[PDB]
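Trainee: Residue numbers (PDB author numbering), protein chains in the order written: chain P1, 214 to 329; chain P4, 214 to 329; chain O4, 74 to 122.
Beta carbons are placed, not taken as given, at the ideal position from N, Cα and C, and that holds for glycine.
Dropping the structure in here first, questions after.
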Amino acid sequence: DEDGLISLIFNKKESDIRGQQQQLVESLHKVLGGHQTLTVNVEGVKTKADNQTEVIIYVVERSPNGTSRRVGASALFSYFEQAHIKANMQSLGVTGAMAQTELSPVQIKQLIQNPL
Amino acid sequence: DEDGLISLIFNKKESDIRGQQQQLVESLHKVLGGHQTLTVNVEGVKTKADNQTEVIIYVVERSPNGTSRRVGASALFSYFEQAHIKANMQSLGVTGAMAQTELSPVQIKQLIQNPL
Amino acid sequence: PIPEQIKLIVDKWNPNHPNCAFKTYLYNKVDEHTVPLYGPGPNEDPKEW
């Protein structure tokens, strides 16, 4: 979870993603609020189909004391799945998202008991 | 932080503080610039030693639309710790000051990265 | 090797932290969640920290 990796599927061709990567990364930064304490990093880009591309990201957050660390994957996924944020993501061409952290049974039970 | 409370230590006896409270409050108002949009309020006065008294204050600020609210404690402390203002405060007998807000780690990190 | 020892001694007796030789760390207690703050400053080696 500490590695903070979120996989995103885009309904865009790989060449289009790479061709405008600066813009894509900044738009993701804007979705996060645009503060200078958050930085979006691209871990990888992979074609999945003619017009489907997976983009793996993480977000580095800086503390008031200058320390930096990655936003945990579960925390970042939780933000992106919020209805308002998901809608903004869909406007960028995102059609899905996944975190790598395998949740514990108690975490899963909590999510089922409180799906919202 | 919204309660805006700043504790001040004075090198004066409690009887002297209370005896001239009107004057003390107005001098603090002057240190703040003296405008009619700011009002200094005394929350409490407590003896700490023979010639040491703690005076807890807050400042109410009024907006152009007639709305009033307390100046946040961090904001007020930041003003009073500025070198010019601190010197003026020391001339009134202030020998220390404290805010009650427990800063976040990111706030603390920011203060350490930019101590000025 | 004379003007090196001198400079090193001048460096030892100093707050500039070029191997200050008066380097000790004291642990100040701070309740969470303020641990993420602090956050050293000018001449702190992350090694020592």
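Alpha carbon to alpha carbon, how far is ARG231 (chain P1) from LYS259 (chain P1)?
Mentor: Looking at the two C-alpha atoms, the distance is approximately 10 Å.
Trainee: In its own chain, which residues sit with a C-beta less than 6 Å from the C-beta of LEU251 (chain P4), not counting the 5 before and 5 after it?
Mentor: Same-chain partners within the cutoff: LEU245, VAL272 and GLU274.
Trainee: May I ask which residues mark the beginning and end of the alpha helix (DSSP H) holding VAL238 (chain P4)?
Mentor: Counting along the chain, the alpha helix (DSSP H) containing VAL238 (chain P4) begins and ends at 234–244.
Trainee: From the DSSP output, in three-state form, read off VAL268 (chain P1) for me.
Mentor: In the structure shown, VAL268 (chain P1) sits in a strand (DSSP, three-state: E or B).
Trainee: Just to confirm my understanding: we take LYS261 (chain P4), look at its own chain, exclude 5 residues before and 5 after, and list those with CB closer than 6 Å. What are they?
Mentor: For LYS261 (chain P4), where only same-chain residues beyond five positions count, the Cβ hits under 6 Å are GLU267.
Trainee: Taking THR308 (chain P1) as the reference, which of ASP214 (chain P1), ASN224 (chain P1) and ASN278 (chain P1) has the closest Cα?
Mentor: The candidate whose alpha carbon is nearest that of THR308 (chain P1) is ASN224 (chain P1).
Trainee: Is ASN254 (chain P1) helix, strand or coil by DSSP?
Mentor: Correct three-state label for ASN254 (chain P1): strand.
Trainee: Taking CB distances under 8 Å as the criterion, tell me whether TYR98 (chain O4) reaches chain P4.
Mentor: So no, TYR98 (chain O4) is outside the interface.
Trainee: Tell me whether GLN234 (chain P1), by its Cβ, gets closer than 7 Å to a heavy atom of the ligand ZN.
Mentor: This structure simply doesn't include the ligand ZN, nor any ligand for that matter.
Trainee: Identify, in the order they occur along the chain, each residue of the same chain with its Cβ nearer than 6 Å to the Cβ of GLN235 (chain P1), setting aside the five sequence neighbours on each side.
Mentor: Taken in chain order, the list of residues that qualify is empty.
Trainee: Assuming the contact rule is C-beta atoms closer than 8 Å, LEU305 (chain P1) and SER240 (chain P1) should be a hit. Round their C-beta distance to whole Å, please.
Mentor: So it is a contact: roughly 6 Å between Cβ atoms.
Trainee: So what's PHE290 (chain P1) in DSSP terms, helix, strand or just coil?
Mentor: Looking at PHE290 (chain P1) - three-state DSSP - the assignment turns out to be helix.
Trainee: Relative to chain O4, which residues along the region 268–282 of chain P1 have a C-beta separation below 9 Å, given in chain order?
Mentor: For the region 268–282 of chain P1, which is checked against every Cβ of chain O4, the residues closer than 9 Å are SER276, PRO277, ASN278, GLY279, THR280 and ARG282.
Trainee: What number of angstroms, rounded off, separates the C-alpha of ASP104 (chain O4) from the C-alpha of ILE75 (chain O4)?
Mentor: Approximately 49 Å, taken between the alpha carbons.
Trainee: Please confirm whether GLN249 (chain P4) and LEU110 (chain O4) have their CB atoms less than 8 Å apart.
Mentor: Result no, Cβ atoms of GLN249 (chain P4) and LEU110 (chain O4) do not sit closer than 8 Å.
Trainee: Below 7 Å between beta carbons is the criterion; list the residues of the region 80–112 of chain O4 that meet it against any residue of chain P1, in chain order.
Mentor: Result list: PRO109, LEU110, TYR111 and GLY112.
Trainee: Taking the alpha-carbon positions, what's the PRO88 (chain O4) to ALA310 (chain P4) distance?
Mentor: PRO88 (chain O4) and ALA310 (chain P4): Cα-Cα distance of roughly 27 Å.
Trainee: Rank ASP263 (chain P1), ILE219 (chain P1), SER276 (chain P1) and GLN265 (chain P1) by C-alpha distance to the C-alpha of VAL253 (chain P1) and give the top, closest one.
Mentor: Taking only the C-alpha atoms, the option nearest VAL253 (chain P1) is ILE219 (chain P1).
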